[PDB]
C-alpha cells in the first residue's frame, strides 16, 4: 500500500535511475530557435506543443522544421502536438473601446448582430447566437476570464436578456464569455480549426490537442475533419467545462487520450472541485489505458521568477501521485525567462515523486477491476507486469508496431523501465505521452522484417544495457502481442 510504502521512505536516499512521467513544452518566442529547442530536449522535453490560438501557419511551420532539426541533431524522437484554438464565445465592441460595469446595475445582453460595434454599459453584443435558448433566469454569465459575473433575470425578448451586475469590473473590447451550468452547443471544430487541422495532416503532426470537447459525437467530428489521411493521428480531448466532465466516459471511449485543463475548468467550476475532477479524469484514463495530461497553471510563477512557490511544487508532485502520464508547461516555456530551468526543475519534481510512488498499488488496483474471463491481450500484459514483480526484473521489452500493446503494458505500471521496439517512427513519437516507456526504432527497410523476432528483442535488451537498467544475470520480461498471436519470455540477460 502507498501508506506502508511511505513508512520505508527516506528523502536522503538517491533517486530512481529513471524518470517515468513525460514533459510537454509549449513552443514560443523564448524557445522556437533550433539552439533553444536543443536546450529544451536536454532539459527533458518529450513533446513540443504548438498553440494555434496565436501565430500564422508560417510561425508554426518554423516550429515544426526547427523541432525536427533539433531532434535529428541530437538523435532523438520528439512528438509534435497541434493545440487547436477551438470555438469561442466572445462579446462585441464598445463605444470608446470601454465599458464600466458597476455592482447593482442592470444591463442587457443581446445576440442581435446590430449591436456588435456600438455596445455600451447598458446594452452589448455576445456572438453566441443560441444564448437565449440555452440560458434561463437564475443562470450566470461570466465575462473576461470570469472576473465579471452577471445574473440573468428574464427574457426581454427572443434575442435580449435582462441581467444584474453582481460585481464591479471594467471590460474592454471582445472579452471571452463563459456559461457555467449551461449546455453550450457550438460546433466541435471552428472554421479556423478545419484549416489548421488540414495543415496538421499535411505537415504530419503526431497528435491533436482538441479544444473544448463536450461530447462523444464531437470526437467523431474532429476525426472526420482529419479525414482518411489523418486516421493515425492521435486525438487528445481537452476537458474545459461541466459537459466534458459529465460526458467523460464516452469521450474517453472515442478519444486517444485526455487533457485535464485545470485553468479553463477553474473559470466555471470552483477550484476545490477542479482538484477532485483532476483525480477522477486521471484515474478513468488509467483504467482505460490512454494517456492523460495535467495541463495549465503548473509552475506559472517560474515564468519570470528563478524558482516557483512551494505550493506549485506540490501541485506538480501530486499530479504524478494521482497517476498522470504527462505534465504540461504553457507560458513558462513559450514566453518565459527561465525555459531550461523550469523544465529541469519539473523533471526533478517528477523524479522525486516517482521515488515516493508505490507502483504496485496502481498495478494491483487496475488488475482488480478486470472482468474475468479476460481476453488474450489483457491477460498477457497483466501477467507480464506481474512477472516483473515476482522475479524482480529490471526491465521490460515490448515489441509493438503501432504502440497499442506498449500502452497496454504501461497501463499495468511495472516498477521498471519499459522498452518498446517498433518499426514505425510515428510510434516512437506518439509514445512520448505514455509514461514509463522509451522507444527503439528498428529500421525494417535496412535490417529486414525480423519475422523470427530475435533481432528486435536483442535491440531492446541492448538499449536497456546501454541505459544501465539491466546487466548480466538480471531478468527482463519480453512480450509480443499484435486471430491475435502473442508471446511472453522471462529472459536471462547475457
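By rigid core we mean the largest C-alpha set that fits within 1.5 Å across both forms. Residue numbers count along the first chain shown, from 1.
Larger average C-alpha displacement in 7 other deposited structures of this protein, relative to the shown form after a rigid core fit, is seen for 107-115 when comparing 222-230 with 107-115. Looking at 286-294 and 156-164, the one farther from the shown form in 7 other deposited structures of this protein by average CA distance, after a rigid core fit, turns out to be 156-164.
For residue 482, the fraction of other compared entries lacking coordinates, among those that model flanking residues, reaches at least a third. According to the PDB entry, the deposited sequence contains 4 to 9 residues between residue 482 and residue 483 that lack coordinates. Across the two stretches, 387-395 and 293-301, the PDB entry reports the greater mean Cα temperature factor for 293-301. Of the two stretches examined, 122-130 and 73-81, the record assigns the greater average C-alpha temperature factor to 122-130. Highest CA B-factor among the listed residues (401, 168, 286, 355): 168.
Highest CA B-factor among 316, 347, 225, 277, as stated in the entry: 225. Per the PDB record, residue ranking by Cα B-factor puts residue 449 in the highest third of the chain. Among all modelled residues in its chain, residue 247 ranks in the middle third by Cα B-factor. The deposited CA B-factor of residue 139 belongs to the highest third of values across its chain. Sort the modelled residues of the chain by CA B factor and residue 160 lands in the highest third.
Annotation for residue 114: C-alpha temperature factor in the highest third relative to the rest of the modelled chain, per the entry.
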